[PDB]
Amino acid sequence: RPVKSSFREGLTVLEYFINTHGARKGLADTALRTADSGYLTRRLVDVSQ
Amino acid sequence: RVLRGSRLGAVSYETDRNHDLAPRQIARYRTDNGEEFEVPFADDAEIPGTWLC
Amino acid sequence: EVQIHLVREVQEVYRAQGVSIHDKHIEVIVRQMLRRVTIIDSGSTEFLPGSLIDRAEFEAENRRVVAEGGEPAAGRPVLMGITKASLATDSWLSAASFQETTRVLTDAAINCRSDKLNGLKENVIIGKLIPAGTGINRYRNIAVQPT
Amino acid sequence: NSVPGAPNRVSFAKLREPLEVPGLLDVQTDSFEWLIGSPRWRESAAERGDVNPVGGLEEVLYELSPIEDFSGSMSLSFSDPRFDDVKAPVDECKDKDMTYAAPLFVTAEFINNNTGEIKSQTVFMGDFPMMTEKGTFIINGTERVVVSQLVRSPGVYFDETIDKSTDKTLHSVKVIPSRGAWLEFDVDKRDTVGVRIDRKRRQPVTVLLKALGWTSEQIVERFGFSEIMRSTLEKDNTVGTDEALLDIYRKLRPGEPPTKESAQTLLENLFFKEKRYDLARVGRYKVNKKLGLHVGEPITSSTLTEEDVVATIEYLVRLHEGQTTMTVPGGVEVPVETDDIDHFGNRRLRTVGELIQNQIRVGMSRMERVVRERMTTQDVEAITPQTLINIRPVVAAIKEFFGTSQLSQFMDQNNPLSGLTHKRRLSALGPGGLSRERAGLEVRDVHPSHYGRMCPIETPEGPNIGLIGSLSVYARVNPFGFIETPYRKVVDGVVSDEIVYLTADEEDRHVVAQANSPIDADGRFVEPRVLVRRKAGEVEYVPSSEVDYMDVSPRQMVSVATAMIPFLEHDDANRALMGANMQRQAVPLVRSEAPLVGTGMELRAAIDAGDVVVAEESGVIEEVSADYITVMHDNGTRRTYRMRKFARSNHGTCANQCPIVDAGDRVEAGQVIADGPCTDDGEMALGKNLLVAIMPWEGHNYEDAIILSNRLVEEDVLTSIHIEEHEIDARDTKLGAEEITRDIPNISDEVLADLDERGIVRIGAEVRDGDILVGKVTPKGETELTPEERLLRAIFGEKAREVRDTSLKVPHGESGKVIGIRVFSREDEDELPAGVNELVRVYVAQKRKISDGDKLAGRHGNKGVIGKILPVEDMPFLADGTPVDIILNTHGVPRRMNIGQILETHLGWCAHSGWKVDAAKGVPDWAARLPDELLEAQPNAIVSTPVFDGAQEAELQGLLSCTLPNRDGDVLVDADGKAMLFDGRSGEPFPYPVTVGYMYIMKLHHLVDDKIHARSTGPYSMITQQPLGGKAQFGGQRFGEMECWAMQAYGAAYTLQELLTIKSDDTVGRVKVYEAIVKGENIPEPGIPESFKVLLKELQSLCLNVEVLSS
Amino acid sequence: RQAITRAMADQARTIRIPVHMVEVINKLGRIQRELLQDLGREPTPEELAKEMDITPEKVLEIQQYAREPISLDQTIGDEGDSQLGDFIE
Amino acid sequence: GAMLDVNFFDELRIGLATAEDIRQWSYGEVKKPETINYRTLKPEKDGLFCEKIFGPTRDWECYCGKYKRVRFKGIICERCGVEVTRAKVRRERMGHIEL
Amino acid sequence: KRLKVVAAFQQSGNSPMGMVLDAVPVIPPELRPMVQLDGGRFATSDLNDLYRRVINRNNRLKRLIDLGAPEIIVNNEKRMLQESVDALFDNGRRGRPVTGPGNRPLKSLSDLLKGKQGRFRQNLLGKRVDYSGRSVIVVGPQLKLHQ
Amino acid sequence: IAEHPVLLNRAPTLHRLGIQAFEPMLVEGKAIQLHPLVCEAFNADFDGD
DNA sequence: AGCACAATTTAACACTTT
DNA sequence: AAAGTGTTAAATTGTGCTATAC
Ligand SMILES: [Mg+2]
Ligand SMILES: [Zn+2]
């Protein structure tokens, strides 16, 4: 499209609704990524103690 | 809330000992498939003939 | 060359996001992968083909084999992951506490496999002192007296 | 607007809206009075279609009747379910711990066919729990909320996959009903079909099709294009009806003798007899709309018919060919495309009434096979139905639903906003829905069909993002369970007002404009091209003749809690999410000042949440007092409203309720007559207005911490009231009866000073941690003392006192006054459970100030705990000597992208002091599009910026240049928004100006007094002797796995061995360490942990000879 | 039928009750359900002892025998990591 | 090698348990499917909680109650069969069922 | 694959006769307690039902054999005994799991050791400790680094 | 309490510097006062941790 | 639910009777 | 030329894992 407004001028309705896609996908990926990293740390501690 | 519970019994506080204890005698029973079992008993006790080993 | 490849391919991912990890840590991890050899021909010394044996025990049983008839066991080095190597360890108490407790406990019992308590995961379990830091003999057997 | 006693709050809105905000609790109440069959729904269904409307209970009774056995000579029929009046009123139900209910009456009728009988009896079905006025149920005294659920709708779903082996496309289907068997028609890797029925490994189409009774000419005839179908008809090898029937039976059972019953009745007993396969009244709509069957018919036949089945196969064979349309014999043609499982036209909403209906159905089906069981073992002539009916499974299913479920939750009440947004919540997890760990990344994301139906901003933050959402403002639920959304239809480029409620399916068939489009006074767009939203979610730019719908307003995509953020469109979506989630956790203060700058959604989210006493009919106030308001209506009678004072909420917060009318006022219908917990003059007030500077001050506001002034502690700006409830009960034991009395075993006479003569404390007695509330003493039967204690009794002369001492003492760390004592007794006929002689509850009030460690938060997702409370003398003050109240940090503003918290800091200064736009020669250029009566404003004026149509960035800069002087002529804030602050601690001014303003901050419910825990030695567990967990018990902090890895990586062997043996498990080491610490000796060597010797026993009980060897 | 009902008396409860007390528990439960269906409400102990020709001090004592043990190894909250045995001091 | 397992650990060996080892650990055969009394809330004989096999519920008291002090320890009460001993050996004695 | 298990039973002093059972050990009753909660309520520890079912079907087999019975009833009883002991050792493996009230599977002996709840990762590797507390944190900008 | 160190720990304990010993000093209130330089090692922020 | 992995089948093959 | 017959690959099932504290 893309979003041509800024957060000082303020976004419109459609640009904000478009922005919510990536802004929620990043949060879900952060939760799943910190779930995945502890398993890798656990296996690395166990193979090399 | 907390919900305390107990398996029914008691805990006594006699400090343990190991020298003066009333004296005991050992019986020995014999089961059907040739096994031998030693059972302690008090001296003032009628030692029974059959025992569930 | 596989050490160069593994260190470079891990450190590339860690460099692309601006994280500095020194290579000695990745080398400590990578050294624990290449510790074993697989058997081609058994010779005649108790080694099943296709089994993954430690390199030191393999060279010990190939050292002894020059006496009592020379037939050296032939094996190539293998590279295996951290789960596969962490599961195939000597200690049976340290491997059951990690993954697949049923199928580790049930083939430790068939082999009558014993433990010696030398890692620091079983000394954590049994309540002993771990053998690292102030728990080794040369540090905790210090005698202190006034001059 | 259109509320009679509203405060005059001026708005910055540049647009007008045709449709006003609906009755926000209509998602809950309209689905219950469909289930009852109230005359409101009976009218409102006919008001929009619905030629014959049937109730929620009529739909179960009409699909259970008639009960007929295999004899076929006797029939039982239920009809006309009606309700009696409620047994107890609402507040009394919350007093005596009884549930809100009403008796159910259903006319039964038993007709024997051999002689003819009509004894139609009226049967009492049960005490059915009723919904209150505010959309909540009252169960066992407490208040619960039944939450809506998102499930996929049953029907036909097509999809397309690409496998990387042979690089072709495989189109599959899934016909998923409610309560039936599955069947898929795949296309395999080799060119074939995928006709696996009830998940058993394979089939080709011609086995099922010739099993259905189709000759081998008609398969080539109807499936004639069908280059795959004749291929499978060559490679199938199975010819005939019986030869395929034996194959179907042998693949389905497996290995059973083929009969002629199991040939032609198994296929009709899996998809055609309406007791093992019944896709619901939603599903028969979906297949009729998808395949294009007989749409011009009001069909009610919930069984899978045969014709649609073969139509399904044709659809699949026209999908793996390349096509767009398909006409079936006898129906309209339809588009041919794959379906999305997460579209909002395939994701329906099981609301509150449908869950009750499912529980009543599964209860009646247990009731059903008792009736025909006693239709045989009894002798007729005559068995009234009454003999026949046993309603015990239905009431058991109802009671087992309302408690002990995950969809009937405790009401989230610590302000009206959380009470409002705990209803209107669309949760995806629960029974019959997906799980929390088995949920992929596809359902969590925002689909483009969420616009106007679910809010993309408001959702939880933990491991529940996307699984729990909330409805929009203008949304509405279909009779089938889909979600509608209003639109203004525009004809010939002229926007009319015929408001149509579209669903998510037919929204994509049209195109939809944008709400902030320049309509010019008739309906015509000013610009010839409009912004628009196309079918797949694309954002086009289309000329103004194809546009056929417009939004009814901006803020339509956004929820109720999200619409109360001023300057939403300047915040990032993560911070707006946190700001919408931190508004439902604020506590009710004792003063509750209204916000100085808000949106228009405060006044409507308070009178619809129900925590505000609203005058019913227009009258005139006769008598007001802090307990009651008697108004006198215009026609005769009076009405008394009883305010609830200092009631405990579900979460400990106060529920005070005070009037705002005097003893001579004239009121109108709907006017707010008494404020609630977090309200001020009828509108929501969650926090307070505080003077804020944005300087970083001396490292106390370092990395999100907030420092305060001491004025807020001296003047009770952020003081709340918290009420705790303590409960004890005297039961009947095996040795006697527990007695509540002042006669307590061995204890001082000083700790009995507040207890009265019958046990419990006095109202007004101040308690602390360790004081006795209810004096209760339980019989102990027998034990024999130690010789030392038996000597100590004989010296002082005290008896043994064989009864125990189990009193009710307050838990560790709590204190406060005593409000009330509620005591139920068996001797006064109160309702208590079996073997409970007495049951007493004591309420404890506590007035909490603000303290360092408490958590404050703003509206824009900014938050942080108090790190410092400075005295009022050393705090940066202005030129007046007025000190500031909070000092927020600079470095948290730019990197979090929520600078709307700066803009309400600026407008909040203007609304503090008032502007006057001097249009003495003309209105200036910035204020050309301002409304009138914003050109000037008196000080402390409340304004309102709506969500996506508010104050622009070029009008705050105008209002900042006229910011009327305080008492002397002295402008304290210049045009940039910054002021010149002195230093309260050193004296000399700060060298550069500093942004000051008025922010609206809220005190969250994450207080320090609920979080601090300490433990030296407390209760231990049962099997393994490790300590307990949590502040309710004593509990120790868990020293888990990663902490052990950290202590091993340090090299500290001895601290690890101490944390793992003599602090958790070493049972003889625990008391030895305590003795060595008290007597002052050295800590002994640890033993063996008693959780390791449990492992040896659980390994020896698995038949493993685990033996420990020495050397 | 005698063998099936005697087995359901003997080996169906974790705390073994003799068959006469199982008989009076079944009789009390049947009389309670019948009086509930006749009354449309739950009966009372002194009401139940009128039907069964016993004292009302006997009825609650009989009712406090037929309470079966709640299992120690079920998850109690929605957070599934906790069981019941982690909460009993 | 060390059944008390107090601080002398050199190895820890696992293995299959033959039927001669299972009736060597055990202190008697449980032969009734009974747990506890319903009135007297005392453990029944030859059941899953039997005192005779697993140990005393109270410290240094037998089942019938003839011996109740630490002066008698190690002996077995001739009328009830319960060895008077501490009471926390109920969490360490085993038991076996003969199939 | 077969040489692995045959060499395991050949090398050590094991014998495969321990794979079929003839006596079943019973865990001491303080590890499967029966705790009387206040209010006169009882709680059993879910291993008692499986032990009860094993000794129940064993007593019924011992009665059917002495009474004299056709082969069908005795074979059905022996299959029920096999399924009861299999439900005791590892529930839910062969066939459908034994459920209690509420359609939840009962907890067998194998479910005490597996998982992130097993005895191993829950109570052996990380424990709760005495002499500890927790609280919220605020910033302390006047302290020294060690305070 | 003088010269008696205490271990402070913040979950998750990612590296070995997530457990550190300090000496204590009695502070009125109910919040632990952390030093503003160790917050990089704990990865602690003061928004309610 | 999926991601991986190793054990256990349809079927695809030449080889040898019939 | 049919008919097995045993040996050799793709399909086919089951097992195990999935962060941390309140
Ligand atoms: Mg934080
Ligand atoms: Zn005795």
# chains A, B, ... in the order shown; residues from 1 in each chain; ligands from 1

$ residues_around --residues "residue 43 (chain B)" --least-positions-apart "5" --cutoff "12 Å" --atoms "only C-alpha atoms (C1' of nucleotides)" --output "ChimeraX atom specification"
/B:21-27 /F:72,75-78

$ residues_around --residues "region 22-35 of chain H" --least-positions-apart "2" --cutoff "8 Å" --atoms "only C-alpha atoms (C1' of nucleotides)" --output "ChimeraX atom specification"
/D:851-853,1008-1009,1012 /G:135-141,143-147 /H:1-8,20,37-39

$ residues_near_ligand --ligand "ligand 2" --cutoff "12 Å" --atoms "only C-alpha atoms (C1' of nucleotides) and all ligand atoms" --output "list in words"
residues 41, 42 and 45 of chain B; 51, 52, 55, 56, 60, 61, 62, 63, 64, 65, 66, 67, 68, 75, 76, 77, 78, 79, 80, 81, 82, 83 and 84 of chain F

$ residues_near_ligand --ligand "ligand 1" --cutoff "12 Å" --atoms "only C-alpha atoms (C1' of nucleotides) and all ligand atoms" --output "JSON list (two decimals) with C-alpha atoms, in the first residue's frame"
[["chain", "number", "residue", "atom", "x", "y", "z"],
["D", 703, "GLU", "CA", 14.01, 2.65, 33.75],
["D", 704, "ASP", "CA", 10.21, 2.87, 34.06],
["D", 705, "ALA", "CA", 10.03, 3.74, 37.77],
["D", 855, "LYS", "CA", 1.97, 0.00, 40.61],
["D", 862, "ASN", "CA", 2.90, 3.50, 30.20],
["D", 863, "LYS", "CA", 3.23, 2.11, 33.71],
["D", 864, "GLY", "CA", 5.72, 1.59, 36.49],
["D", 865, "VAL", "CA", 6.08, 1.17, 40.20],
["G", 136, "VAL", "CA", 8.69, -6.50, 44.17],
["G", 137, "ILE", "CA", 11.76, -4.45, 43.27],
["G", 138, "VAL", "CA", 12.27, -0.68, 43.09],
["H", 10, "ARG", "CA", 15.21, -13.22, 39.22],
["H", 11, "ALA", "CA", 13.40, -15.76, 37.09],
["H", 39, "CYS", "CA", 19.85, -4.34, 36.28],
["H", 42, "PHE", "CA", 19.42, -9.49, 35.84],
["H", 43, "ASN", "CA", 17.63, -7.97, 32.81],
["H", 44, "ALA", "CA", 15.28, -6.40, 35.33],
["H", 45, "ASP", "CA", 13.05, -3.43, 34.65],
["H", 46, "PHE", "CA", 11.15, -1.63, 37.39],
["H", 47, "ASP", "CA", 7.62, -1.95, 35.98],
["H", 48, "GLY", "CA", 6.51, -4.58, 38.49],
["H", 49, "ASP", "CA", 9.13, -7.31, 38.47]]

$ residues_around --residues "residue 34 (chain D)" --least-positions-apart "6" --cutoff "7 Å" --atoms "only C-alpha atoms (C1' of nucleotides)" --output "list in words"
residues 41, 55 and 56 of chain D

$ interface_residues --of "chain D" --to "chain A" --cutoff "6 Å" --atoms "only C-alpha atoms" --output "VMD selection string"
chain D and resid 446 569 to 570

$ closest_atom_pairs --of "chain C" --to "chain A" --cutoff "8 Å" --atoms "only C-alpha atoms" --output "CSV"
residue,atom,partner,partner_atom,distance
C:28,CA,A:48,CA,7.8
C:29,CA,A:48,CA,6.4
C:32,CA,A:48,CA,6.6
C:82,CA,A:47,CA,5.7
C:83,CA,A:43,CA,6.5
C:85,CA,A:47,CA,6.7
C:86,CA,A:47,CA,4.5
C:98,CA,A:46,CA,7.6
C:119,CA,A:49,CA,7.0
C:120,CA,A:49,CA,7.0
C:121,CA,A:49,CA,8.0

$ closest_atom_pairs --of "chain B" --to "chain F" --cutoff "10 Å" --atoms "only C-alpha atoms" --output "tab-separated table"
residue	atom	partner	partner_atom	distance
B:7	CA	F:57	CA	8.4
B:8	CA	F:57	CA	7.0
B:9	CA	F:58	CA	4.6
B:10	CA	F:58	CA	4.8
B:11	CA	F:59	CA	5.7
B:12	CA	F:59	CA	6.1
B:13	CA	F:59	CA	9.2
B:14	CA	F:70	CA	7.7
B:15	CA	F:70	CA	9.2
B:16	CA	F:70	CA	7.6
B:17	CA	F:70	CA	7.8
B:18	CA	F:73	CA	9.4
B:19	CA	F:71	CA	9.5
B:20	CA	F:71	CA	7.1
B:21	CA	F:71	CA	4.6
B:22	CA	F:72	CA	5.7
B:23	CA	F:72	CA	8.2
B:24	CA	F:75	CA	6.9
B:25	CA	F:75	CA	8.8
B:26	CA	F:75	CA	9.3
B:39	CA	F:76	CA	7.2
B:40	CA	F:75	CA	5.2
B:41	CA	F:75	CA	5.3
B:42	CA	F:75	CA	6.5
B:45	CA	F:78	CA	6.8
B:46	CA	F:78	CA	7.5
B:47	CA	F:78	CA	7.1
B:48	CA	F:78	CA	7.7
B:51	CA	F:81	CA	8.9
B:52	CA	F:81	CA	8.8
B:53	CA	F:28	CA	7.2

$ atom_distance --atom1 "CA of residue 453 (chain D)" --atom2 "CA of residue 296 (chain D)"
28.7 Å

$ atom_distance --atom1 "CA of residue 92 (chain G)" --atom2 "CA of residue 104 (chain G)"
11.2 Å

$ residues_around --residues "residue 12 (chain I)" --least-positions-apart "6" --cutoff "12 Å" --atoms "only C-alpha atoms (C1' of nucleotides)" --output "ChimeraX atom specification"
/J:7-10

$ write_last_selection --atoms "C-alpha atoms (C1' of nucleotides)" --output "short mmCIF file (atom, residue, chain, number, x, y, z; two decimals), in the first residue's frame"
data_model
loop_
_atom_site.label_atom_id
_atom_site.label_comp_id
_atom_site.auth_asym_id
_atom_site.auth_seq_id
_atom_site.Cartn_x
_atom_site.Cartn_y
_atom_site.Cartn_z
"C1'" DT J 7 14.21 -59.87 -1.45
"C1'" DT J 8 14.05 -54.92 -1.84
"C1'" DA J 9 11.77 -49.58 -1.39
"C1'" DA J 10 7.73 -46.02 -0.32
#

$ closest_atom_pairs --of "chain J" --to "chain C" --cutoff "12 Å" --atoms "only C-alpha atoms (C1' of nucleotides)" --output "CSV"
residue,atom,partner,partner_atom,distance
J:15,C1',C:100,CA,9.6
J:16,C1',C:100,CA,7.1
J:17,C1',C:99,CA,8.9

$ write_last_selection --atoms "N, CA and C atoms (P, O5', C5', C4', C3', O3' and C1' of nucleotides)" --output "PDB file, in the first residue's frame"
ATOM      1  P    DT J  15       3.207 -46.212  21.415  1.00  0.00           P
ATOM      2  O5'  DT J  15       4.546 -45.647  22.056  1.00  0.00           O
ATOM      3  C5'  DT J  15       5.777 -45.951  21.435  1.00  0.00           C
ATOM      4  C4'  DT J  15       6.673 -44.732  21.389  1.00  0.00           C
ATOM      5  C3'  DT J  15       6.425 -43.705  22.491  1.00  0.00           C
ATOM      6  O3'  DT J  15       7.612 -43.528  23.238  1.00  0.00           O
ATOM      7  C1'  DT J  15       6.696 -42.668  20.377  1.00  0.00           C
ATOM      8  P    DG J  16       7.552 -42.980  24.743  1.00  0.00           P
ATOM      9  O5'  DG J  16       8.560 -41.747  24.721  1.00  0.00           O
ATOM     10  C5'  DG J  16       9.180 -41.376  23.504  1.00  0.00           C
ATOM     11  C4'  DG J  16       9.711 -39.966  23.581  1.00  0.00           C
ATOM     12  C3'  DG J  16       9.104 -39.118  24.683  1.00  0.00           C
ATOM     13  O3'  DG J  16      10.030 -38.135  25.064  1.00  0.00           O
ATOM     14  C1'  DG J  16       8.483 -38.228  22.606  1.00  0.00           C
ATOM     15  P    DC J  17       9.799 -37.254  26.381  1.00  0.00           P
ATOM     16  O5'  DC J  17      10.283 -35.811  25.919  1.00  0.00           O
ATOM     17  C5'  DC J  17      10.477 -35.547  24.534  1.00  0.00           C
ATOM     18  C4'  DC J  17      10.596 -34.061  24.292  1.00  0.00           C
ATOM     19  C3'  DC J  17       9.936 -33.214  25.362  1.00  0.00           C
ATOM     20  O3'  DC J  17      10.651 -32.031  25.596  1.00  0.00           O
ATOM     21  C1'  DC J  17       8.769 -32.987  23.289  1.00  0.00           C
TER      22       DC J  17
END

$ closest_residue --among "D:5, D:950, D:433, D:1051" --to "chain C" --atoms "only C-alpha atoms"
D:1051

$ residues_around --residues "residue 74 (chain C)" --least-positions-apart "2" --cutoff "9 Å" --atoms "only C-alpha atoms (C1' of nucleotides)" --output "PyMOL selection string"
chain C and resi 38-43+72+76

$ write_last_selection --atoms "C-alpha atoms" --output "tab-separated table (two decimals), in the first residue's frame"
chain	number	residue	atom	x	y	z
C	38	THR	CA	31.28	-46.19	14.60
C	39	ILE	CA	32.43	-49.75	13.97
C	40	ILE	CA	32.96	-51.14	10.48
C	41	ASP	CA	34.50	-54.55	11.21
C	42	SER	CA	34.41	-56.01	14.70
C	43	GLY	CA	37.78	-57.73	14.69
C	72	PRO	CA	42.11	-54.10	15.24
C	76	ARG	CA	35.25	-44.07	11.47

$ select_by_dssp --residues "chain A" --states "alpha helix (DSSP H)" --output "ChimeraX atom specification"
/A:13-47

$ closest_atom_pairs --of "chain E" --to "chain F" --cutoff "9 Å" --atoms "only C-alpha atoms" --output "JSON lines"
{"residue": "E:11", "atom": "CA", "partner": "F:33", "partner_atom": "CA", "distance": 7.9}
{"residue": "E:14", "atom": "CA", "partner": "F:35", "partner_atom": "CA", "distance": 6.8}
{"residue": "E:15", "atom": "CA", "partner": "F:36", "partner_atom": "CA", "distance": 6.0}
{"residue": "E:16", "atom": "CA", "partner": "F:34", "partner_atom": "CA", "distance": 6.5}
{"residue": "E:17", "atom": "CA", "partner": "F:38", "partner_atom": "CA", "distance": 6.6}
{"residue": "E:65", "atom": "CA", "partner": "F:38", "partner_atom": "CA", "distance": 7.6}

$ closest_atom_pairs --of "chain G" --to "chain C" --cutoff "7 Å" --atoms "only C-alpha atoms" --output "Markdown table"
| residue | atom | partner | partner_atom | distance |
| --- | --- | --- | --- | --- |
| G:8 | CA | C:111 | CA | 5.2 |
| G:9 | CA | C:110 | CA | 6.9 |
| G:12 | CA | C:111 | CA | 6.9 |
| G:114 | CA | C:101 | CA | 6.0 |
| G:120 | CA | C:97 | CA | 5.5 |
| G:121 | CA | C:97 | CA | 6.7 |
| G:124 | CA | C:125 | CA | 5.6 |
| G:125 | CA | C:125 | CA | 6.2 |

$ residues_around --residues "residue 17 (chain H)" --least-positions-apart "4" --cutoff "9 Å" --atoms "only C-alpha atoms (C1' of nucleotides)" --output "list in words"
residues 1046 and 1050 of chain D; 13, 41 and 42 of chain H

$ write_last_selection --atoms "C-alpha atoms" --output "PDB file, in the first residue's frame"
ATOM      1  CA  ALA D1046      23.862 -20.952  37.635  1.00  0.00           C
ATOM      2  CA  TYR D1050      29.742 -20.372  39.707  1.00  0.00           C
TER       3      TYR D1050
ATOM      4  CA  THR H  13      17.893 -17.243  35.248  1.00  0.00           C
ATOM      5  CA  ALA H  41      22.827  -8.478  34.507  1.00  0.00           C
ATOM      6  CA  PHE H  42      19.417  -9.490  35.844  1.00  0.00           C
TER       7      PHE H  42
END

$ interface_residues --of "chain D" --to "chain C" --cutoff "9 Å" --atoms "only C-alpha atoms" --output "list in words"
residues 1044, 1048, 1049, 1050, 1051, 1052, 1053, 1054, 1056, 1057, 1060, 1061, 1086, 1087, 1088, 1089, 1092, 1104, 1105 and 1106 of chain D

$ write_last_selection --atoms "C-alpha atoms" --output "short mmCIF file (atom, residue, chain, number, x, y, z; two decimals), in the first residue's frame"
data_model
loop_
_atom_site.label_atom_id
_atom_site.label_comp_id
_atom_site.auth_asym_id
_atom_site.auth_seq_id
_atom_site.Cartn_x
_atom_site.Cartn_y
_atom_site.Cartn_z
CA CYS D 1044 21.02 -24.89 39.92
CA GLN D 1048 27.08 -24.97 39.35
CA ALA D 1049 28.59 -22.55 36.83
CA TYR D 1050 29.74 -20.37 39.71
CA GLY D 1051 31.57 -23.26 41.34
CA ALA D 1052 29.71 -22.95 44.65
CA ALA D 1053 29.28 -26.57 45.70
CA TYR D 1054 28.41 -25.93 49.33
CA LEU D 1056 23.99 -25.82 46.29
CA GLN D 1057 24.29 -28.73 48.72
CA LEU D 1060 19.13 -28.97 48.22
CA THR D 1061 19.49 -31.04 51.42
CA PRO D 1086 24.07 -32.75 55.48
CA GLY D 1087 22.63 -36.23 55.26
CA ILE D 1088 20.72 -37.85 52.40
CA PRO D 1089 17.65 -36.12 50.92
CA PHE D 1092 15.79 -39.61 46.87
CA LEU D 1104 13.90 -53.09 39.30
CA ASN D 1105 16.62 -54.27 41.66
CA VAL D 1106 18.08 -50.85 42.39
#

$ closest_residue --among "D:796, D:439, D:596, D:31" --to "chain J" --atoms "only C-alpha atoms (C1' of nucleotides)"
D:439

$ decode --residues "region 17-43 of chain B" --atoms "C-alpha atoms" --output "short mmCIF file (atom, residue, chain, number, x, y, z; two decimals), in the first residue's frame"
data_model
loop_
_atom_site.label_atom_id
_atom_site.label_comp_id
_atom_site.auth_asym_id
_atom_site.auth_seq_id
_atom_site.Cartn_x
_atom_site.Cartn_y
_atom_site.Cartn_z
CA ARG B 17 17.76 -45.27 73.77
CA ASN B 18 19.76 -48.29 73.19
CA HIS B 19 20.88 -49.98 76.33
CA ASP B 20 18.15 -50.98 78.79
CA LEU B 21 15.22 -52.65 77.02
CA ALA B 22 13.13 -55.47 78.38
CA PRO B 23 14.70 -58.77 77.34
CA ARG B 24 13.46 -60.90 74.48
CA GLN B 25 13.57 -64.51 73.34
CA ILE B 26 13.51 -65.83 69.78
CA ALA B 27 11.15 -68.44 68.49
CA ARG B 28 11.58 -70.10 65.12
CA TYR B 29 8.82 -71.29 62.91
CA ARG B 30 8.85 -73.45 59.97
CA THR B 31 6.47 -73.04 57.03
CA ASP B 32 5.38 -75.68 54.54
CA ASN B 33 8.03 -75.13 51.85
CA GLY B 34 10.98 -75.62 54.24
CA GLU B 35 11.60 -72.01 55.29
CA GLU B 36 12.76 -70.81 58.70
CA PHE B 37 11.57 -67.58 60.33
CA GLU B 38 12.87 -66.05 63.56
CA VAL B 39 10.37 -64.05 65.62
CA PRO B 40 11.31 -62.09 68.76
CA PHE B 41 8.96 -62.13 71.73
CA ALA B 42 8.82 -60.81 75.25
CA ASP B 43 9.86 -63.23 77.98
#
